[PDB]
Amino acid sequence: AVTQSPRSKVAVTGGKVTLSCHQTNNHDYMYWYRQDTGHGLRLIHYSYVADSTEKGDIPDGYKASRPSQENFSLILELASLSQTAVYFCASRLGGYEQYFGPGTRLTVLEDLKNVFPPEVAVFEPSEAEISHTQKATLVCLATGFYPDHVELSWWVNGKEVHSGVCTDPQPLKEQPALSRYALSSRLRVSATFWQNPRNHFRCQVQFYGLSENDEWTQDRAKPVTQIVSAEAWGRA
Amino acid sequence: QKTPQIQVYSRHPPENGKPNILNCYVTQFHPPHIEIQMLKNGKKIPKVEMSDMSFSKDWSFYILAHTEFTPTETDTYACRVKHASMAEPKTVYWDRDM
Amino acid sequence: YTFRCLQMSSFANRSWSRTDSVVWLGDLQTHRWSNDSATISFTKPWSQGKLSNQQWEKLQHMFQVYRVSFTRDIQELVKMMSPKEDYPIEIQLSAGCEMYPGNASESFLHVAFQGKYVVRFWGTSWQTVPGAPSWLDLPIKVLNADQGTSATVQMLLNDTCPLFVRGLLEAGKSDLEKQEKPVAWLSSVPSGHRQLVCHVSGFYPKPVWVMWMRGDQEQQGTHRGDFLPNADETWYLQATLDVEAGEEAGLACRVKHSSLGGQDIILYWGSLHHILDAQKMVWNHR
Amino acid sequence: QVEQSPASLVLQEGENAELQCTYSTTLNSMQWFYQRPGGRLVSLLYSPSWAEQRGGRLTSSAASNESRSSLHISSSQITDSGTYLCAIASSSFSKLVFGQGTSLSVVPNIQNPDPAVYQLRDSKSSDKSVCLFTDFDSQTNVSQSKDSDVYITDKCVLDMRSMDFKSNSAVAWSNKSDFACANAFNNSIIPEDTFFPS
Ligand SMILES: CCCCC/C=C\C/C=C\CCCCCCCCCC(=O)N[C@@H](CO[C@H]1O[C@H](CO)[C@@H](O)[C@H](O)[C@H]1O)[C@H](O)[C@H](O)CCCCCCCCCCCCCC
Ligand SMILES: *[C@@H]1O[C@H](CO)[C@@H](O[C@@H]2O[C@H](CO)[C@@H](O)[C@H](O)[C@H]2NC(C)=O)[C@H](O)[C@H]1NC(C)=O
Ligand SMILES: *[C@@H]1O[C@H](CO)[C@@H](O)[C@H](O)[C@H]1NC(C)=O
Ligand SMILES: *[C@@H]1O[C@H](CO)[C@@H](O)[C@H](O)[C@H]1NC(C)=O
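### Observations concerning the pairing of strand β6 (residues 58–62) of chain D
All names here are of chain D. Pairing of β6 with strand β7 (residues 68–73) involves five bridges; the strand directions are antiparallel. Residue pairing in the sheet places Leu-58 in a bridge with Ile-73 of β7. Joining the antiparallel neighbours β6 and β7 is a turn of five residues.

Now the structure itself:
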């Protein structure tokens, strides 16, 4: 019903950033909100019809554009650090209930030099856990990433799994007084399932980082949006 | 925008030296913002009462101003109206015979 | 009897507005609601009709919510205008009900924008009216999504109006049925013609008949002026006739009115009664 | 101008949740949203002031004399855990004004706790040792680390659906040469019969 793009963005201070929102519901109004953890949304700009824009509650730093009934853009001409936030688009007929887009996480940074992708490692179950409980817990650690925008998933024999998984609700700071991030996740299976050397276990970390049009000057691979994985086989 | 009509008239037969009530009735104007004064020999009368403003079937506004007065052979009474439709304040003198 | 509630709102700019209301039962005023007052004022002893105190306080609280919401709602809706926020803005509302026999009635709610009728409430919804500005279409669509407002308005027009008013008519019966007698008097001013004036003042109720007569012939050139109010809720009317000088002789002004119990007022030009009147009202014409 | 309460609420799977939203205007419409941290904003309920509620696990109601409405969650599940945001429109023309949200934590009923601290296998591509505190009851509190090069996570609940079995765990890791699993959760107050395998 309501889409947004890009899904994620990392920008530098002084840069120009454009967020786009799209809807083909035949809706009249469109809105831009920001959310800061945590957590009420605040209205930046909104619009009634093609080719007009109205200022919301916190319009400073932003412009809006409504080139057609379907599209509503938020423009940040000179990104500043205070604009690090999640942005939600929304639309409505008349009148009625507001439908929200999925959000865009924006991170504004002094420079891109401190952007790192995660390193990922899997740690295999304790044999003591196996004897005591007849269950087996795998642990995944995604460490050293910045900013803290990742999505971690488990894959068992090529298929994404939700059963038996939990992930830390949010990443922790590896140095709470500066700083990169870490995130853990567990996957628990039966001992007999873990003890099959044909069973395959993969922790996947989706990282949201730089795009291909970003300038990169560090001596190390450009930290683009990417997937990093680690894996283990069962062990009899 | 529409220009007010102004009518000035007494409550009772205009009998010299007998206490009476002078009415100033302003109609047919739009927008409703207006100032109305009633005058004795070119000087403003102070205890001028004002009806609540209302409007007609054609959406034009009207209001009635009135004051206690005693008519005389020589004393002059008048209603002075200021409205955006008219470049200058309009004064309508009370004419007994009209 | 036509019961009408009249609201006049002025919106000068983003930061200034004023709403004032008056209520009329036929030609007697029953309520006033000034912008500076938190509450509706009774202008008659019987203005509460047959409602209880807590019922009256409930109707009022309802309107107090309406007045604040109307103001905020308009201030948003003017952003939707053809050139945005085209201040100053005048909005008028005229709502109410015609009462018929025995207990039959028709309700209305009309809205004007800049002195022009643009919106009505009709059955269950708001409608623009032919010739309304095109930019009103979206505001009206939005307003029409509010079914809570629509249920309230329907209830006010269909039920609260005729019921409230049937009680006002009972409680106000002696004021509504009062008879006040016109007093008449004569004068003349220049037009080689003169203009004769018959002044009729202090009659209630409103309907009268005033003609210039020569014997039994009705002078067809009689111009009857407008009904002008007096401050005590009686009416004033003048009738005039253009005649060549030396013809006032023989003319009379006859006034018929319900309060006179079958005995008309007849004033003859030049009569002792007229002469004695004119003596009392002489002035310097400057 | 829109207030939610309580700011946080913890409860055990099975219990009903009631969440308040107080406001100081007229009520055109109330919209409740659900969100997991860093997640999308999901619409739960839209209730105009004139509409009839539609029965179900999730419902709302307005307080009688009062400018206040509640969200009602019947028979709370661990997956209801997240942030619930209230939004009020005061008329069809106003803005949607958002509360600051309630944090809801729905915790599992661990029938037979089996608190234990386990050391996991080393990874051939990492210098980290990892310790797992698991199977503890849901009122256990895991303390953050005191030491700088030691990392300890907060507890989460995993649900093994096929075995219909839930468990809490927390992870500690470090590359410090003097790190042992016997001492990794020393800042937490843990049950006296927590199993430390020899
Ligand atoms: C005898 C007593 C005399 C009273 C004297 C007052 C006025 C005299 C004359 C006319 C007034 C009659 C018009 C009354 C309309 C009654 C509407 C009442 C409903 C109202 O206040 N509704 C409120 C609150 O509503 C909220 O809160 C309600 C809970 O309180 C919920 O039920 C609703 O769901 C919720 O949305 C809404 O805010 C509503 O939008 C107010 C405005 C309604 C009138 C708009 C018509 C103007 C269109 C003009 C177009 C041209 C303009 C171009 C510039
Ligand atoms: C008409 O009455 C309204 C409502 O009482 C007044 O509105 C207030 O106006 C001031 C600005 O002068 C604002 O700060 C307040 O927020 C308003 N109060 C409310 C409850 O809306 C308005 O000023 C009055 N208009 C005039 C010309 O006196
Ligand atoms: C807005 O309107 C009123 C006109 O009566 C005026 O007194 C006030 O100064 C105006 N304000 C501005 C900011 O133009
Ligand atoms: C009010 O009256 C109109 C007819 O004039 C009708 O269509 C409408 O449904 C009525 N509503 C109620 C609540 O009585």
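### Observations concerning the site of ligand 1
Close to ligand 1 lie 27 residues; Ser-69, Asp-73, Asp-146 and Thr-149 of chain C together with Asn-28 of chain D are nearest. One nitrogen or oxygen atom from the side chain of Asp-146 of chain C is found 2.6 Å from an oxygen atom belonging to ligand 1. Between ligand 1 and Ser-49 of chain D there is a distance of 3.5 Å, counted from an oxygen atom to a side-chain nitrogen or oxygen. Taking 1300 Å² as the accessible area of ligand 1 by itself, protein coverage stands at 92%. Going through the elements one at a time, β1 (2–13), β2 (16–25), α1 (53–77), β6 (104–113) and α3 (147–171) of chain C are the ones with two or more residues in the shell around ligand 1. Per-element tally for the shell around ligand 1: the top contributor is α1 of chain C, with five residues. A breakdown of the residues in the shell around ligand 1 according to their chemical character gives 15 nonpolar, 10 polar and two charged.

### Digging into the sheet that holds strand β15 (residues 159–161) of chain A
Adjacent strands of a sheet form backbone hydrogen bonds with each other and so pair up, either parallel or antiparallel. Residue and element names in this part refer to chain A. On the basis of which strands lie adjacent, the open sheet formed by four strands has the order β15-β14-β19-β20 and antiparallel pairing. In this open sheet, the two strands that pair with only one neighbour each are β15 and β20 (226–233). For this sheet the average axis-to-axis angle between neighbouring strands, irrespective of direction, equals 35°.

### Thoughts on the site of ligand 3
Neighbouring ligand 3 are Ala-12, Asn-13 and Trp-16 of chain C. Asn-13 of chain C places a polar side-chain atom, nitrogen or oxygen, 2.3 Å from an oxygen atom of ligand 3.

### Some details on empty space enclosed by the protein
Estimated volume of the largest cavity: approximately 80 Å³. What lines the largest cavity is a set of 15 residues, and nearest its centre among them are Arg-92 and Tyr-96 of chain A together with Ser-29, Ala-89 and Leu-96 of chain D. Residue composition of the lining of the largest cavity, by class: four nonpolar, eight polar and three charged. Lining the second largest cavity, in full, are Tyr-29, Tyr-31, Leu-43, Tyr-46 and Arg-92 of chain A, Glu-76 of chain C together with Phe-93, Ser-94 and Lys-95 of chain D. Counting only elements with at least two residues in the lining of the second largest cavity, the list comes to β4 (29–35) and β5 (41–47) of chain A. Residue composition of the lining of the second largest cavity, by class: five nonpolar, one polar and three charged.

### Considering the interface of chain A and chain D
Taken together, the contacts link 52 residues of chain A with 51 residues of chain D. By residue number, the principal contributor to the side of chain A that touches chain D is strand β18 (residues 181–190) of chain A, which donates six residues.

### Here's the deal with the sheet that holds strand β5 (residues 89–100) of chain C
Residues and elements named next belong to chain C. Across the sheet, which stays open at both edges, the eight strands sit in the order β4-β3-β2-β1-β5-β6-β7-β8 with antiparallel pairing between neighbours. Unpaired on one side and paired on the other, β4 (41–42) and β8 (125–128) mark the two borders of the sheet. Where β2 meets strand β3 (residues 28–33), five bridges bridge the pair, whose relative direction is antiparallel. The partner of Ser-21 across the bridge, within β3, is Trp-33. Across the sheet, α3 touches β1, β2, β3, β5, β6, β7 (116–122) and β8, and the angle it forms with β6 is around 125°.

### Digging into the state of the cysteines
Working definition: the covalent bond between the sulfur atoms of two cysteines is a disulfide. Applying the stated rule across the entire model yields eight disulfides over all chains. One disulfide in the model links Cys-166 of chain A with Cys-156 of chain D; its S-S distance is 2.1 Å. Measuring handedness by torsion sign, the sulfur bridge of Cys-166 of chain A and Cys-156 of chain D sits at about 60° and is right-handed. With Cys-166 of chain A in strand β16 (residues 165–167) and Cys-156 of chain D in strand β14 (residues 156–160), this residue pair bridges two chains. We note that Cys-166 of chain A, like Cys-156 of chain D, is buried.

### Topic: the side chain of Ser-10 of chain B
Inspection of the secondary structure assignment puts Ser-10 of chain B in strand β1 (residues 5–10). By relative accessible area, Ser-10 of chain B is classed as buried at 4%. A distance of 3.2 Å separates a polar side-chain atom of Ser-10 of chain B from the backbone oxygen of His-12 of chain B. The contact partners of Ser-10 of chain B, leaving out residues within four places of it in the chain, are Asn-20, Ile-21, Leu-22, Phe-69 and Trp-94 of chain B together with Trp-185, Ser-201 and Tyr-236 of chain C.

### Focus: the UniProt feature "disulfide bond" in chain C
Residue and element names in this part refer to chain C. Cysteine pair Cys-97 and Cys-161, annotated in UniProt as disulfide-bonded: S-S separation 2.1 Å, below the 2.5 Å cut-off, and the bond is accordingly regarded as formed. Taken as a pair, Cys-97 in strand β5 and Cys-161 in helix α3 lie far apart in primary sequence, 64 residues in all. For the pair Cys-97 and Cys-161, a shared accessibility class is recorded, and that class is buried. For the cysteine pair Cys-198 and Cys-253, annotated in UniProt as disulfide-bonded, the sulfur atoms lie 2.0 Å apart, consistent with the bond being present in this model. Pair noted here: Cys-198 is in strand β10 (residues 193–203) and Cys-253 is in strand β16 (residues 251–257), with a separation of 55 residues, a long-range link. Note on accessibility: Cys-198 and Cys-253 belong to one class, buried.

### Quick word on the interface of chain D and chain C
One frequently used descriptor of interface size is the decrease in accessible area upon assembly of the parts. The partner chain C presents 12 residues to the six residues of chain D that form the contact. The contact between chain D and chain C buries some 830 Å² in all, and 67% of this surface belongs to carbon and sulfur atoms. Broken down residue by residue, the surface that chain D buries against chain C is led by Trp-50, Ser-92 and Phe-93 of chain D, which jointly contribute 73%. At the junction of chain D and chain C, the tally comes to two residue pairs in polar contact. Partitioned by chemical class, the residues of the side of chain D that touches chain C number two nonpolar, four polar and no charged.

Rules and cut-offs
- Residues numbered from 1 in each chain as written, not as in the entry; some residues may be left out.
- Chains lettered and ligands numbered in written order.
- Heavy atoms only, no water.
- Residues with missing side-chain atoms left out of burial classes, pairs and counts.
- Pairing = 2+ DSSP bridges.
- Helix = DSSP H or I, 4+ residues; strand = E, 2+ residues; numbered from the N terminus.
- Near = heavy atom within 4 Å.
- Polar contact = N/O pair within 3.5 Å; in protein donor to acceptor, adjacent residues only side chain to side chain.
- Areas by Shrake-Rupley, 256 points an atom, 1.4 Å probe, with all protein chains shown as cover.
- Nonpolar A, V, L, I, M, F, W, Y, C, P; charged D, E, K, R; others polar.
- Axes fitted to C-alpha atoms, helices over the stretch in contact; angles between N-to-C directions.
- 1 Å grid on protein atoms, 1.4 Å probe; cavity = no way out; pocket = protein on both sides within 12 Å on 5 of 7 lines; lining within 4 Å.
- Points joined across faces, edges and corners; volume = space filled by probe spheres on them.
- Contact = heavy atoms within 4.5 Å.
- Disulfide = S-S within 2.5 Å.
- Buried < 20%, exposed > 50% of the residue type's maximum accessible area, 1.4 Å probe, protein only.
- UniProt positions renumbered as here; feature names shortened; annotations may be inferred.
- Buried area = accessible area lost by both parts, 1.4 Å probe.

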